[PDB]
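> Sequence isn't available, so here's the structure alone:
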Ligand SMILES: CC(C)(C)[C@H]1Cc2cc(F)ccc2S(=O)(=O)N(C[C@@H](O)[C@H](Cc2ccccc2)NC(=O)O[C@H]2CCOC2)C1
Ligand SMILES: [Cl-]
Ligand SMILES: [Cl-]
């Protein structure tokens, strides 16, 4: 698809069998999702945003479907205001910026 | 152009006669630039992100050149860690996400 930016680029994602709404975010290096349970072990990570650096849980090799496209990669879980799909997964679905 | 997302989508912009590096950010509703002087009146605004909120100065009807494309809109000025080109100006240069 071709997504214009007059409104937030929100899409449906599927993770752990659940449907959620997430923002396609080219300004985010990593994918960060609101609190949920994911399988396996997690590692600590700090992510810096507009208000500073914060603590999240890093889960690797997580299966996630984004707007019908299958991706498998790192998902960070923590107190984010919105679910964010970052560049680590946008590359997997072949997403580019065009003008 | 077509911009891939293996690295941060950083571009050169021209604002208030100065050249600056900025991030093309689909996850940002608004454009936020590091401390600088801009002409005209401003009003205070709070903007929220990962890590909480920052206080910025809102300048309206500001011209920016982004990749050679002229655009006009609201520019927020404040203690942002990176210069961000948000949706308000990405729409003006005809920027879309494609996959
Ligand atoms: C809340 C949301 C709607 C999404 C956004 C809120 C927002 C709204 C605006 F109008 C303007 C700016 C911002 S913002 O700037 O707050 N932001 C945009 C993100 O793309 C930031 C940009 C950025 C990049 C580097 C340093 C600071 C900021 N990335 C980010 O937090 O990456 C983190 C997140 C995961 O990867 C690293 C989050
Ligand atoms: Cl605007
Ligand atoms: Cl358009």
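Yep, it's here. Numbers count the residues shown, from 1 in each chain, chains lettered A, B, ... in the order given. Ligands and ions are numbered 1, 2, ... in the order given.
> Flag every residue of chain A that's near chain B.
A:1-6, A:8-9, A:23-29, A:32, A:47-54, A:67, A:69, A:80-81, A:84, A:87, A:90-91, A:93-99 (Cβ under 8 Å from any Cβ of the partner chain). C-beta coordinates here come from the backbone N, C-alpha and C atoms, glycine included.
> Among those residues, which ones lie close to ligand 1?
Checking the residues of chain A next to chain B against ligand 1 by Cβ under 6 Å from any ligand atom, the ones in range are A:23, A:25, A:27, A:28, A:29, A:32, A:47, A:48, A:49, A:50, A:81, A:84.
> before we move on, what SS does residue A:41 have?
At residue A:41 the chain is in coil, as set by DSSP: H, G, I helix; E, B strand; the rest coil.
> Where does residue A:88 fall, secondary structure wise?
Using DSSP states H and E, residue A:88 falls within helix A:87-90.
> Can you say which of the ones next to ligand 1 among the residues of chain A next to chain B are buried?
Among those, those scoring as buried are A:23, A:25, A:27, A:28, A:32, A:47, A:49, A:50, A:84 (criterion: 16 or more other Cβ atoms under 10 Å in any protein chain shown).
> Need those residues in CSV (columns: secondary structure).
Below are these laid out as CSV (three-state DSSP):
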residue, secondary structure
A:23, strand
A:25, coil
A:27, coil
A:28, coil
A:32, strand
A:47, strand
A:49, strand
A:50, coil
A:84, strand
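> Just the closest of the residues you listed to residue A:16, please.
Using Cβ to Cβ, residue A:32 comes nearest to residue A:16 of these, at 15.4 Å.
> Can you tell me who the closest one pairs with across the strands?
Beta-bridge partners of residue A:32, counted by DSSP bridges, are residue A:76, residue A:84.
> ok, now which ones touch it?
Shown in contact with residue A:32 (Cβ atoms under 8 Å, 6 or more residues apart in numbering or on different chains): A:47, A:56, A:75, A:76, A:77, A:78, A:80, A:83, A:84, A:86, B:50.
> Quickly check those residues for the two that are furthest apart.
Farthest pair in the contacts of residue A:32, by Cβ to Cβ: A:75 and B:50, 14.9 Å.
> Spatially, what comes nearest to the residue of chain A found nearest ligand 2 if we skip its sequence neighbours?
Here chain A gets closest to ligand 2 at one residue, residue A:6, 11.5 Å apart by Cβ to the ion. Counting by Cβ to Cβ, 6 or more residues apart in numbering or on different chains, residue A:6 lies nearest to residue B:91, which is 5.5 Å off, once chain neighbours are set aside.
> Pull the distance from stretch A:17-27 to the chain's centre.
Its chain's average C-alpha position is 6 Å from that of stretch A:17-27, according to Cα atoms, centre = their mean, to the nearest Å.
> ditto for stretch A:29-37
On the basis of Cα atoms, centre = their mean, stretch A:29-37 sits 6 Å off its chain's mean C-alpha point.
> Fine by me, thanks again.
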